[PDB]
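target_31.cif (mmCIF, C-alpha atoms) appears below.
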data_input
loop_
_atom_site.group_PDB
_atom_site.id
_atom_site.type_symbol
_atom_site.label_atom_id
_atom_site.label_comp_id
_atom_site.auth_asym_id
_atom_site.auth_seq_id
_atom_site.Cartn_x
_atom_site.Cartn_y
_atom_site.Cartn_z
ATOM 1 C CA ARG A 1 18.488 -9.299 26.058
ATOM 2 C CA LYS A 2 16.691 -12.608 26.714
ATOM 3 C CA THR A 3 19.514 -15.043 27.599
ATOM 4 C CA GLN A 4 22.197 -12.937 29.346
ATOM 5 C CA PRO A 5 20.243 -9.859 30.431
ATOM 6 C CA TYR A 6 21.628 -6.590 31.736
ATOM 7 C CA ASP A 7 20.454 -3.779 33.925
ATOM 8 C CA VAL A 8 16.642 -3.840 33.792
ATOM 9 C CA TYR A 9 15.948 -5.723 30.548
ATOM 10 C CA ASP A 10 14.680 -8.724 32.535
ATOM 11 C CA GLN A 11 11.909 -6.521 33.992
ATOM 12 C CA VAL A 12 10.538 -5.603 30.539
ATOM 13 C CA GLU A 13 8.394 -7.910 28.392
ATOM 14 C CA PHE A 14 8.875 -7.779 24.619
ATOM 15 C CA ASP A 15 8.947 -10.015 21.546
ATOM 16 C CA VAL A 16 11.878 -11.206 19.436
ATOM 17 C CA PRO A 17 11.310 -11.565 15.666
ATOM 18 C CA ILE A 18 12.690 -14.711 14.026
ATOM 19 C CA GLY A 19 13.183 -15.062 10.277
ATOM 20 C CA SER A 20 12.637 -18.187 8.222
ATOM 21 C CA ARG A 21 14.735 -18.040 5.027
ATOM 22 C CA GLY A 22 17.976 -16.101 5.611
ATOM 23 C CA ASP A 23 17.286 -13.606 2.815
ATOM 24 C CA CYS A 24 17.480 -9.822 3.096
ATOM 25 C CA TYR A 25 13.667 -9.678 3.202
ATOM 26 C CA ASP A 26 13.506 -11.538 6.521
ATOM 27 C CA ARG A 27 16.219 -9.318 8.016
ATOM 28 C CA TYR A 28 14.377 -6.154 6.944
ATOM 29 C CA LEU A 29 11.134 -7.526 8.417
ATOM 30 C CA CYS A 30 13.046 -8.385 11.604
ATOM 31 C CA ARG A 31 14.357 -4.815 11.818
ATOM 32 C CA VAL A 32 10.842 -3.386 11.377
ATOM 33 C CA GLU A 33 9.494 -5.721 14.071
ATOM 34 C CA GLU A 34 12.425 -4.740 16.303
ATOM 35 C CA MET A 35 11.351 -1.114 15.858
ATOM 36 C CA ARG A 36 7.820 -2.040 16.951
ATOM 37 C CA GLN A 37 9.141 -3.914 19.993
ATOM 38 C CA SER A 38 11.353 -0.901 20.761
ATOM 39 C CA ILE A 39 8.201 1.241 20.864
ATOM 40 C CA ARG A 40 6.687 -1.349 23.227
ATOM 41 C CA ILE A 41 9.753 -1.264 25.516
ATOM 42 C CA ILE A 42 9.714 2.552 25.452
ATOM 43 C CA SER A 43 6.087 2.528 26.632
ATOM 44 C CA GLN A 44 6.959 0.067 29.416
ATOM 45 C CA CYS A 45 9.895 2.289 30.414
ATOM 46 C CA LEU A 46 7.771 5.451 30.502
ATOM 47 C CA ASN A 47 5.147 3.728 32.671
ATOM 48 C CA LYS A 48 7.701 2.326 35.142
ATOM 49 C CA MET A 49 10.365 4.956 35.915
ATOM 50 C CA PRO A 50 11.050 4.983 39.681
ATOM 51 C CA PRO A 51 12.225 8.001 41.687
ATOM 52 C CA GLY A 52 15.754 8.146 43.005
ATOM 53 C CA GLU A 53 19.241 9.371 42.222
ATOM 54 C CA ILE A 54 21.100 9.213 38.907
ATOM 55 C CA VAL B 1 10.861 17.238 45.969
ATOM 56 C CA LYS B 2 10.360 17.783 42.235
ATOM 57 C CA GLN B 3 11.627 15.399 39.563
ATOM 58 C CA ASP B 4 10.712 14.009 36.153
ATOM 59 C CA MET B 5 8.000 11.473 36.992
ATOM 60 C CA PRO B 6 5.087 9.949 35.061
ATOM 61 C CA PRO B 7 1.675 11.190 36.246
ATOM 62 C CA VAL B 8 -0.485 9.604 38.927
ATOM 63 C CA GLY B 9 -2.627 7.672 36.459
ATOM 64 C CA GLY B 10 0.321 6.835 34.221
ATOM 65 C CA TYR B 11 0.596 7.269 30.483
ATOM 66 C CA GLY B 12 -2.017 6.112 28.010
ATOM 67 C CA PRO B 13 -1.984 3.062 25.777
ATOM 68 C CA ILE B 14 0.321 3.294 22.758
ATOM 69 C CA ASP B 15 -0.362 1.377 19.552
ATOM 70 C CA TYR B 16 2.514 -0.886 18.528
ATOM 71 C CA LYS B 17 0.988 -3.496 16.177
ATOM 72 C CA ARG B 18 0.680 -3.354 12.405
ATOM 73 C CA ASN B 19 -2.519 -1.865 10.955
ATOM 74 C CA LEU B 20 -3.022 -2.329 7.252
ATOM 75 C CA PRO B 21 -6.423 -1.068 6.044
ATOM 76 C CA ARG B 22 -7.214 -3.601 3.256
ATOM 77 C CA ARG B 23 -9.049 -1.623 0.600
ATOM 78 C CA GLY B 24 -10.265 -1.404 -3.011
ATOM 79 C CA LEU B 25 -12.792 -3.409 -4.999
ATOM 80 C CA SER B 26 -12.820 -7.148 -5.538
ATOM 81 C CA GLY B 27 -10.974 -8.304 -8.649
ATOM 82 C CA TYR B 28 -14.225 -9.304 -10.350
ATOM 83 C CA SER B 29 -15.315 -5.658 -10.114
ATOM 84 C CA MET B 30 -12.284 -4.196 -11.899
ATOM 85 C CA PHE B 31 -12.391 -7.019 -14.460
ATOM 86 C CA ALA B 32 -16.050 -6.215 -15.182
ATOM 87 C CA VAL B 33 -15.286 -2.476 -15.368
ATOM 88 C CA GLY B 34 -12.442 -3.071 -17.826
ATOM 89 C CA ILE B 35 -14.535 -5.431 -19.957
ATOM 90 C CA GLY B 36 -17.422 -2.950 -20.055
ATOM 91 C CA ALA B 37 -15.086 -0.110 -21.024
ATOM 92 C CA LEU B 38 -13.643 -2.349 -23.754
ATOM 93 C CA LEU B 39 -17.124 -3.105 -25.108
ATOM 94 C CA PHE B 40 -18.180 0.562 -25.030
ATOM 95 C CA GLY B 41 -15.018 1.633 -26.848
ATOM 96 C CA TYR B 42 -15.482 -1.144 -29.409
ATOM 97 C CA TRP B 43 -19.071 -0.061 -30.110
ATOM 98 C CA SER B 44 -18.191 3.636 -30.445
ATOM 99 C CA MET B 45 -15.199 2.894 -32.692
ATOM 100 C CA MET B 46 -17.408 0.611 -34.811
ATOM 101 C CA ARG B 47 -20.014 3.335 -35.359
ATOM 102 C CA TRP B 48 -17.485 6.071 -36.108
ATOM 103 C CA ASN B 49 -15.447 3.872 -38.468
ATOM 104 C CA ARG B 50 -18.584 2.988 -40.436
ATOM 105 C CA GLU B 51 -19.448 6.694 -40.695
ATOM 106 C CA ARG B 52 -15.873 7.452 -41.794
ATOM 107 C CA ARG B 53 -16.112 4.781 -44.502
ATOM 108 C CA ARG B 54 -19.344 6.372 -45.750
ATOM 109 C CA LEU B 55 -17.701 9.812 -45.877
ATOM 110 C CA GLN B 56 -14.664 8.401 -47.705
ATOM 111 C CA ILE B 57 -16.956 6.746 -50.269
ATOM 112 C CA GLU B 58 -18.735 10.087 -50.777
ATOM 113 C CA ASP B 59 -15.426 11.916 -51.300
ATOM 114 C CA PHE B 60 -14.184 9.234 -53.718
ATOM 115 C CA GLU B 61 -17.359 9.424 -55.805
ATOM 116 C CA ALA B 62 -16.998 13.221 -55.918
ATOM 117 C CA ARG B 63 -13.441 12.696 -57.197
ATOM 118 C CA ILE B 64 -14.696 10.223 -59.817
ATOM 119 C CA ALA B 65 -17.306 12.742 -60.978
ATOM 120 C CA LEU B 66 -14.643 15.466 -61.174
ATOM 121 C CA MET B 67 -12.069 13.373 -63.112
ATOM 122 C CA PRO B 68 -12.974 13.889 -66.847
ATOM 123 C CA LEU B 69 -12.516 17.681 -66.934
ATOM 124 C CA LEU B 70 -9.110 17.366 -65.253
#
Encoding of this model in structure tokens:
Amino acid sequence: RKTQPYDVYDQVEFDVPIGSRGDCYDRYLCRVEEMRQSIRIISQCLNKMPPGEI
Amino acid sequence: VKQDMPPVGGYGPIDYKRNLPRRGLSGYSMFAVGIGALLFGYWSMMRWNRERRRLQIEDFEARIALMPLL
């Protein structure tokens, strides 16, 4: 979503969690932070929906 | 036209960061509470064990008085 973006993901600002040890703990923390960033992207989407066709 | 659109002022702020409260006493406080409870229990057990020893001595001397007839 940050290097080879698709449809409108380049118009949305969000963070990318990065682990530091490779354990399962860092991956679980990364998934929780990805949930928080998903909430952030959902807010940005709800405040920026344009009119038009589908 | 009518369509699904956000309102004129937009939607409100949405919280998305972590919020831990950070609560409870300092560790010195629970250590002092535990030490005080330990001291209170020690004092009460001391008093009641001394009273129990006195009662046991009384019962034993009653037994010693009762022995010769038996």
If I take atom CA of residue A:28 and atom CA of residue A:9, how far is one from the other in Å, to one decimal?
23.7 Å
Which residues of chain A have any atom within 8 Å of an atom in chain B when counting all atoms listed in the file, and what is the closest pair of atoms for each, with the distance in Å to one decimal? Order the rows by chain and rising number and write it as JSON lines.
{"residue": "A:36", "atom": "CA", "partner": "B:16", "partner_atom": "CA", "distance": 5.7}
{"residue": "A:37", "atom": "CA", "partner": "B:16", "partner_atom": "CA", "distance": 7.4}
{"residue": "A:39", "atom": "CA", "partner": "B:16", "partner_atom": "CA", "distance": 6.5}
{"residue": "A:40", "atom": "CA", "partner": "B:16", "partner_atom": "CA", "distance": 6.3}
{"residue": "A:43", "atom": "CA", "partner": "B:14", "partner_atom": "CA", "distance": 7.0}
{"residue": "A:46", "atom": "CA", "partner": "B:6", "partner_atom": "CA", "distance": 6.9}
{"residue": "A:47", "atom": "CA", "partner": "B:10", "partner_atom": "CA", "distance": 5.9}
{"residue": "A:49", "atom": "CA", "partner": "B:5", "partner_atom": "CA", "distance": 7.0}
{"residue": "A:50", "atom": "CA", "partner": "B:5", "partner_atom": "CA", "distance": 7.7}
{"residue": "A:51", "atom": "CA", "partner": "B:5", "partner_atom": "CA", "distance": 7.2}
Any chance you could resolve the PyMOL selection byres ((chain A and resi 16-18) around 10) against this file and give the residues as a compact mmCIF listing (two decimals) with C-alpha atoms, in the coordinates of the input?
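Done, and the output landed in expr26.txt:
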# COMPACT_ATOMS: atom_id res chain seq x y z
CA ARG A 1 18.49 -9.30 26.06
CA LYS A 2 16.69 -12.61 26.71
CA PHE A 14 8.88 -7.78 24.62
CA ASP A 15 8.95 -10.02 21.55
CA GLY A 19 13.18 -15.06 10.28
CA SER A 20 12.64 -18.19 8.22
CA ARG A 21 14.74 -18.04 5.03
CA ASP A 26 13.51 -11.54 6.52
CA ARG A 27 16.22 -9.32 8.02
CA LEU A 29 11.13 -7.53 8.42
CA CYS A 30 13.05 -8.38 11.60
CA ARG A 31 14.36 -4.82 11.82
CA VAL A 32 10.84 -3.39 11.38
CA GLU A 33 9.49 -5.72 14.07
CA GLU A 34 12.42 -4.74 16.30
CA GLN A 37 9.14 -3.91 19.99
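Taking atom CA of residue A:44 as the reference point, atom CA of residue A:13 is found at 8.2 Å.
Reported to one decimal place, the separation of atom CA of residue A:35 from atom CA of residue A:6 is 19.7 Å.
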Mind working out the centre and edge lengths of an axis-aligned box for stretch 50-65 of chain B, all listed atoms inside, 5 Å added to each side, rounded to one decimal in Å and written as JSON?
{"center_x": -16.4, "center_y": 8.1, "center_z": -50.7, "size_x": 16.0, "size_y": 20.2, "size_z": 30.5}
Smallest atom-to-atom distance to residue B:1: which of A:24, A:45, A:7, A:52, using all atoms listed in the file?
A:52
